[PDB]
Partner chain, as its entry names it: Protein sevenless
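Okay, here we've got a single chain as structure tokens, the form solved without the partner chain, with questions on binding and movement later.
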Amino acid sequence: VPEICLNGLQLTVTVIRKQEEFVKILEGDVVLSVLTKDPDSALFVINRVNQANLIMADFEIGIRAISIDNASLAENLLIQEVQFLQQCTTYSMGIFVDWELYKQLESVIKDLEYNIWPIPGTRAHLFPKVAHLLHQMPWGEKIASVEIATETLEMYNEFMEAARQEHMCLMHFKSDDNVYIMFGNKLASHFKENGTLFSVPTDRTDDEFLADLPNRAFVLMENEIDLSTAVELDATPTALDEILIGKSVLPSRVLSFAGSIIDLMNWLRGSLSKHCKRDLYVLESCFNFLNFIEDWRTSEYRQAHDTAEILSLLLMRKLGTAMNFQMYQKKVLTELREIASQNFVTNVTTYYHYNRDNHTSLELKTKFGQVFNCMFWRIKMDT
């Protein structure tokens, strides 16, 4: 047995980081690895697979989910897991890589020659829900000038594709009113211009981010769902793991990842049907399965799933009320009071009005989509 199985995976960050700080190992007979930025949402899916028995088998799928905080260390950590899963593991499946890290590391994956699959992008779940929370936001009768600050240009191309589907074309004028729709955690940090600011965070927020925003800025974020007990997840009696109690998951990082696992575990039920005998598939009676592992990327096995079909199959149907994409306004009296809420399952956007200055009637304002309906791009690189 070699050295990498005894010691695990190591990083030189000039601190020698041991294995148990970054990977969250959940024990299972046929392992899997996920190279992700959000590891708490990865083990919630693989907890919900084994309690549901998607593969209707005796064994349980493990996950060795690697945390990514630095994008430059994703190339080093992809080498060490391919050097782990070939050697130390008897029944491996493959490495799932996030779509931000899949497009970065395209030269590395094709030269490594292992089963490395992409997790789909979470911006297909967020940027339609950004632009639908924009489209029915109440507003005055003044058309404003929209300047959009982004972390990359792929976030600009996926936003205005989603703005075009909601029939909004956002134009910039030489107008006194301004609108700044910012995409990223580090971008809206003590900004000084006088327009209304729509901060869209692209990762998990911390206590630096809610303090460094300007006053009366809008925050377009999703709710982290706090996991405490297993009876809050489903009325069907399951068990939540002890590594997951007290942790929080993201609904974009769950539902993008659980769209690919149900495409993979329904492949695995057919691959244990022809190769293994039962009505539970016992691994002592299973021989030579996982032969052609790249065949689930072929479209006869990869299907698109509805969000209410994912939550019903994976025995987590009580999380549909807690899966929201909300808009928060930071008003220092510092308290981020709530403006909007768009649910993930049934997309019913709900706007919250607080009756300030004691009125018995409220005139309904015109929406932002009816004002900002219907070309060259001026791009400034700044730091």
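Positions refer to the first chain, counted from 1.
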Item to complete: Enter the number of deposited residues without atomic coordinates between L333 and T334, binned as none, 1 to 3, 4 to 9, or 10 or more.
Response: 10 or more
Fill in: Continuity check for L362 and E363, given as deposited residues lacking coordinates between them
none
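What comes next is about the form deposited with the partner chain bound, which does not appear here.
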Worksheet item: Heavy atom to heavy atom, is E338 within 4.5 Å of the partner chain in the deposited complex?
Response: yes
Worksheet item: Just to confirm, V332 within 4.5 Å of the partner chain in the deposited complex by heavy atoms?
Response: no
Discussion item. Taking the partner chain as it sits in the deposited complex, is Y351 near enough to touch it, meaning that at least one heavy atom pair lies within 4.5 angstroms?
Written reply: yes
Worksheet entry | Proximity of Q104 to the partner chain in the deposited complex, heavy atoms at 4.5 Å | no
Item to complete: Can you check 25-33, 341-349, 58-66, 41-49 and let me know which stretch has heavy atoms within 4.5 Å of the partner chain in the deposited complex?
Response: 341-349
Item to complete: Give, in sequence order, every residue of 349-363 that has a heavy atom within 4.5 Å of the partner chain in the deposited complex, or say none if there are no such residues.
Response: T349, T350, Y351, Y352, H353, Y354, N355, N358, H359, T360, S361, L362, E363
